[PDB]
Amino acid sequence: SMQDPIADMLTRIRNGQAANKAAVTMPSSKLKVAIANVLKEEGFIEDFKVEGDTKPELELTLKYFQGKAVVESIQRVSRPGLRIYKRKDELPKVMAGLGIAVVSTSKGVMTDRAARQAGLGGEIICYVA
Amino acid sequence: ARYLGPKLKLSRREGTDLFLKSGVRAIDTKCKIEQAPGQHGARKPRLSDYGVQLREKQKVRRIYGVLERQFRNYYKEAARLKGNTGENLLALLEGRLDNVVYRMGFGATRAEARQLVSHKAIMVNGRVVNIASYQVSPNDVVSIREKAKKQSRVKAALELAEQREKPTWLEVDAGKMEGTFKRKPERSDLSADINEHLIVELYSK
Amino acid sequence: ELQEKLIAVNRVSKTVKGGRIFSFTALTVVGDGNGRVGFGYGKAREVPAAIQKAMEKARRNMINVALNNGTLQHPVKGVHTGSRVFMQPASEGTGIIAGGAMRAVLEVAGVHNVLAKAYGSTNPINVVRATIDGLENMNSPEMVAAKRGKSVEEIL
Amino acid sequence: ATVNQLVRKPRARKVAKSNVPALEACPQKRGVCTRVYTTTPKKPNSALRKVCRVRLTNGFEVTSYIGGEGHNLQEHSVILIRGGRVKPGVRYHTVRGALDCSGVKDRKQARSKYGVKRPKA
Amino acid sequence: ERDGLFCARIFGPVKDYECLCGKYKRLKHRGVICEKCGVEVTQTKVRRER
Amino acid sequence: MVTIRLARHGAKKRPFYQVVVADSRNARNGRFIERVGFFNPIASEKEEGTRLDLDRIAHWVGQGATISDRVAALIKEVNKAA
RNA sequence: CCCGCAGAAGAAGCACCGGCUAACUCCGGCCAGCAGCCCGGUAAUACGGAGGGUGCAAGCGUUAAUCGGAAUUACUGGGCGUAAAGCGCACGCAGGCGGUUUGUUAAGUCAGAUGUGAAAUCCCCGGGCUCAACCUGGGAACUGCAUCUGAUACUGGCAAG
Ligand SMILES: [Zn+2]
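Residues numbered from 1 in each chain as written, not as in the entry; some residues may be left out. Chains lettered and ligands numbered in written order. Part of a larger assembly, values for the part shown. Heavy atoms only, no water.

### So, the overall build of chain A
On a plain count of helices and strands, chain A comes out with three helices and eight strands. Listed N to C, the secondary structure of chain A is α-β-α-β-β-β-β-β-β-α-β in terms of helices and strands. Its C-alpha atoms give chain A principal-axis dimensions of about 40 × 40 × 25 Å. Taking all 129 residues of chain A together, 40% fall into the buried category. Considering only contacts in chain A between residues 6 or more positions apart, those separated by 24 or more positions represent 62%. For chain A, the accessible area works out to roughly 7300 Å², and carbon and sulfur atoms hold 54% of it. (Helix = DSSP H or I, 4+ residues; strand = E, 2+ residues; numbered from the N terminus. Buried < 20%, exposed > 50% of the residue type's maximum accessible area, 1.4 Å probe, protein only. Contact = heavy atoms within 4.5 Å. Areas by Shrake-Rupley, 256 points an atom, 1.4 Å probe, with all protein chains shown as cover.)

Below, the structure written as structure tokens:
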């Protein structure tokens, strides 16, 4: 059975980047979608597009630079068997900051550095690099 | 608590001139500075990684005349302090009263300086300081007291110093026989041959 | 200009009809005190020739690196077959912290101020290979700015 | 290895036994030598190794190697022992120069380690 | 002579990239001037222009 | 009761007193309610060897407290220092 | 604590030098001997002695014991095809986990504040003993607990899908 779709999304992205697929697609969700927002906002993806009424289908379009993939690495941090909450002062850096770490906060989803600026911690969803 | 033996032997062992003798007479004339001490001097096989580090450590220790526990303590202090660990250590070493005196030129050798310090010749801010390990601070004037000012050795030392170029981080007066420790020295001011990093590594085993 | 460090030598043997025929292996490495680095692993009946062979091999098949002023550009891992490696850029003055062959590779690489430990096997050869790997994988902030279509300030 | 399993039954610390229990955590202990004698080593050595069975203060009976060239030891000979095993069934070392044990004769190096006085000359 | 007509600090080292008295016998630190030498550290023809 | 007294907190031959409010029955350097100042007998010149938080004193006495003689002596000195 | 007197005067050992591991030569027969792990049978840098040397230093060594290294119980931080390691196979309570959308709550969770969190100890900045040790002002911290006010992304619960 499916226990974590955020995980499934990250894996699918990983494999599409691995396989030189232009895009990748999967069932759509709100959190999934705000994550896609984020990633675009940080320019690891070219664009996402959700489609469907009933069981809508999210479609990420992947990004390749000088051939190689652009999401060097992507790895979940919290998870249903083990969640990972942090205080603002406790926010990690991804790749010494050359990367990002997606985080949910009470003010929606967003990367680590935006969170720092805002001044509030939350749930570290995943590192991207 | 002090090394009382042959000084040039140590130098020989190290490889370099450690400045353990005044410098009236050149070190090559006094001893086989290239050849290592003992029966098996001429033989010189390449040392190990540990060994080189150890040697380096010894050199520095030898130069200043600091035994091992004290050295370790100094290292620890340096580590604790903010900034480049090795350079901090170096600074600390410099800061020693005897070393400062030597730099100024009131002692021919560091040993001489140390002796002077011991024998209540030197004052730091007009107060007789007897400890060779006393860490002299910025803007701390350090002078020969009026009793020890008549000594022929002191003037000789001064003369010797003069032949040698002066350190930028001090300011000394030959007539007044009082020098001001203006600031703690920068790494650039000290000798380049000392690999502080090796020393640091040795203690970071 | 280029300096060079013979890290390790080891005697090795071939069993034959007659007996044990010994040769020797030489693991050297070189760097120009800048990003470039390269290692040579030569073999010969006699040591001098083996090391000369490794010096040849290292001189070529070098590899460039992005080195922040005297140190790395970020914490990295790098692995070869039993020697996994974690290095972390370290403050000026700290010196090169590392055990052995790794110390040498860094030393020739020109880096000065690091924190480096080695997980797993310490076989000189594999671990130096892991070092060169973790140094090659490493990217500089400008280079991320490039990959991602951005200004460096955008990344800070 | 599971978190829950460790919860259920936690990790167990390997208790190593002391290899000198007769000392019972005493740096030394006194004894009387029920019998002195020598014994032969397991392959690949060849010696007539001097040794003595000692009934201890505490009531343990054990056997003690004897360091040095020549001892004075007898039965009903009050001795001290320190520990240290010789490479069978022997784990303990006689402190030369202690309570009946002489110091080795005519030794000049490691005079401490066999209880021998500085020479005077 | 230190420091006479034919000085060390005022002009340069007689030998190329060498402290005439004693330090720097390779090609790494060209320039350092220790207390024991009161000497610059450059080429053999550097004294001809100074 | 609760008395304002001294506590020898220093080094051999070099006492350095902390004045404290503490219940009487407690040991000298033992359980103290609170610390209202200090006394440095061996104070050098150009340093304040003595310092007292007078209101906190003044509160406690009104709470109905007893004052060591020395502590009294020290208060006077300050009022006269003043 | 200071002042006066005399004169180098009254003041250096331990351990080791096969490798690990800094330190090498000569002289004496698998014995005597060494040894932490991996020498000795006639040329022993590994036994004993001398020489020389290395490292510590009013101490130096052994023994004892704890943590380390040991990621060698692996939370951080391990593994199980052949090296130890998948139940012989199933059902299945307890138990752990839980697709998706809306609504709510605020329990976990984050934010802010109050209370506490002895003193001492650690450390940061200072002061005082001729320095240090030591004493010592002020901070910081004491990761925590309780109580208030909030946030609602998630997890949770309640209601509908
Ligand atoms: Zn020079």
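Now, onward.
### Observations concerning the protein's contact with RNA strand G
For RNA strand G, the set of nearby residues contains 70 residues, the closest of which are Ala1(B), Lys9(B), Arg61(B), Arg80(B) and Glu69(D). Near the protein, within 4 Å, the atoms of RNA strand G are sugar or phosphate in 85% of cases. Contact distances for RNA strand G include 2.5 Å between a base oxygen and a side-chain N or O atom of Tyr85(A). Take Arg82(D): an N or O atom from its main chain is 3.2 Å from a sugar or linking oxygen of RNA strand G. Those elements giving two or more residues to the surface near RNA strand G turn out to be α2 (30–41), β5 (85–86) and β6 (100–105) of chain A together with α3 (49–64), α4 (68–80) and β2 (127–128) of chain B. Looking at the surface near RNA strand G, the element that brings in the most residues is α3(B), giving seven residues. Its residues assigned to classes, the surface near RNA strand G shows 23 nonpolar, 23 polar and 24 charged. (Near = heavy atom within 4 Å. Polar contact = N/O pair within 3.5 Å; in protein donor to acceptor, adjacent residues only side chain to side chain. Nonpolar A, V, L, I, M, F, W, Y, C, P; charged D, E, K, R; others polar.)

### Some words on the packing of aromatic side chains
Following the criterion strictly, the structure yields five aromatic pairs over all chains and no others. Arranged with centres 5.6 Å apart and planes meeting at 50°, the rings of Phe16(F) and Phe38(F) form a pair that is tilted. With a gap of 22 residues between them, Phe16(F) in the loop between β1 (2–8) and β2 (17–23) and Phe38(F) in strand β3 (residues 34–39) connect regions that are remote in the sequence. A relative accessible area of 15% places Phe38(F) in the buried class. Three or more aromatic residues joined by ring pairs form one cluster here, namely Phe71(B), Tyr75(B) and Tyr203(B). Over the ring of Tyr102(B) we find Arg164(B); its NZ or CZ atom is 4.9 Å from the centre of that ring. A cation sits over an aromatic face here: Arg96(D) above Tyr114(D), 5.8 Å from the ring centre. (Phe/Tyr/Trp six-rings, centres within 6.5 Å; stacked < 30°, edge-to-face > 60°. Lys NZ or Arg CZ within 6 Å of the ring centre and 35° of its normal.)

### Some remarks on the side chain of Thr3(F)
All names here are of chain F. Positionally, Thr-3 belongs in strand β1. Judged by relative accessible area, which is 8%, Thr-3 ranks as buried. Excluding its chain neighbours within four sequence positions, the residues that come into contact with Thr-3 are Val-20, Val-21, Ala-22, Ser-24, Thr-66, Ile-67 and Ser-68.

### Looking at the interface of chain A and chain C
Each partner contributes to the interface: chain A provides 14 residues, whereas chain C provides 14 residues. A combined buried area of about 1000 Å² lies between chain A and chain C, and 59% of that area is made up of carbon and sulfur atoms. Taken together, the connections running from chain A to chain C amount to zero salt bridges. Where chain A meets chain C, there are three residue pairs in polar contact. Partitioned by chemical class, the residues of the side of chain A that touches chain C number seven nonpolar, two polar and five charged. (Buried area = accessible area lost by both parts, 1.4 Å probe. Salt bridge = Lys/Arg side-chain N within 4 Å of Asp/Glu carboxyl O.)

### Quick notes on the interface of chain E and chain B
Listed per partner, the contact involves six residues of chain E and eight residues of chain B. Of the roughly 700 Å² buried between chain E and chain B on both sides combined, carbon and sulfur atoms contribute 44%. When the buried surface of chain E facing chain B is broken down by residue, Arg2(E), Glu35(E) and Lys36(E) rank first, second and third, together holding 70% of it. Counting every contact that joins chain E to chain B gives two salt bridges. Residue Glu35(E) is joined to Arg103(B) by a salt bridge in which the shortest nitrogen-to-oxygen separation is 3.9 Å.

### Observations concerning the layout of surface pockets
Its volume calculated, the second largest pocket comes out at about 610 Å³. Forming the walls of the second largest pocket are 24 residues, and the residues nearest its centre are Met95(A), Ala129(A), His74(C), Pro75(C) and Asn139(C). When residues of the lining of the second largest pocket are traced back to their parent elements, those giving at least two are β4 (76–80) and α4 (141–148) of chain C. Sorting elements by how many residues they give to the lining of the second largest pocket places α4(C) first, with three residues. When we break the lining of the second largest pocket down by domain, the ones giving at least three residues each are domain 1 (1–71) and domain 2 (72–129) of chain A. (1 Å grid on protein atoms, 1.4 Å probe; cavity = no way out; pocket = protein on both sides within 12 Å on 5 of 7 lines; lining within 4 Å. Points joined across faces, edges and corners; volume = space filled by probe spheres on them. Domains from an automatic or database assignment.)

### A closer look at the pattern of salt bridges
All chains considered together, the criterion is met by 31 salt bridges over all chains. Residue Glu154(C) pairs with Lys150(C) through a salt bridge whose shortest N-O separation is 3.2 Å. Owing to a relative accessible area of 36%, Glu154(C) belongs among the partly exposed residues under this scheme. Overlapping salt bridges, with partners in common, bring together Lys86(A), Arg87(A), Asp89(A) and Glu90(A) in one network.

### A word on the nonpolar core
Residues and elements named next belong to chain B. Counting residues in hydrophobic clusters, the biggest one holds 44 residues, and the most contacted among them are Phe-71, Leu-97 and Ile-122. It is helix α6 (residues 97–104) that provides the largest number of residues to this core, a total of five residues. The contact partners of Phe-71, leaving out residues within four places of it in the chain, are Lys-57, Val-60, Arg-61, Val-66, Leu-89, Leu-93, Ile-199 and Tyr-203. (Core = buried A, V, L, I, M, F, W, Y, C linked by side-chain atoms within 4.5 Å.)

### Notes on the packing of α3(B) against helix α9 (residues 196–203) of chain B
Residue and element names in this part refer to chain B. As a packed pair, α3 and α9 sit with axes 8 Å apart at the nearest point and diverge in direction by 115°. Between α3 and α9, the crossing angle belongs to the class labelled roughly perpendicular. For the crossing formed where α3 meets α9, the hand is left-handed. Contacts between α3 and α9 involve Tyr-50, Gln-53, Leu-54, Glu-56, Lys-57 and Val-60 from the former and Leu-198, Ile-199, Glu-201, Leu-202 and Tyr-203 from the latter. (Axes fitted to C-alpha atoms, helices over the stretch in contact; angles between N-to-C directions. Parallel < 35°, antiparallel > 145°, perpendicular 65-115°, else oblique. Left-handed = near helix turned anticlockwise from the far one by under 90°.)

### With respect to the arrangement of the chains
Looking at the three pairs of chains with contacts, the pair that accumulates the most is chains A and C. In this assembly chain A lies apart from chain E, the nearest approach of their C-alpha atoms being 34 Å.

### Overview of unusual backbone geometry
All names here are of chain E. The linkage connecting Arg-2 with the following residue, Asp-3, adopts the cis geometry, with an omega of 0°. In the Ramachandran plot, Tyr-17 falls in the positive-phi region, its phi being about 50° despite a non-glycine side chain. The class of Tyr-17 is partly exposed, set by a relative accessible area of 29%. The phi angle at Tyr-24 is positive, at roughly 60°, despite the residue not being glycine. Note on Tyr-24: relative accessible area 1%, which makes it buried.

Structural measurements only, silent on function.
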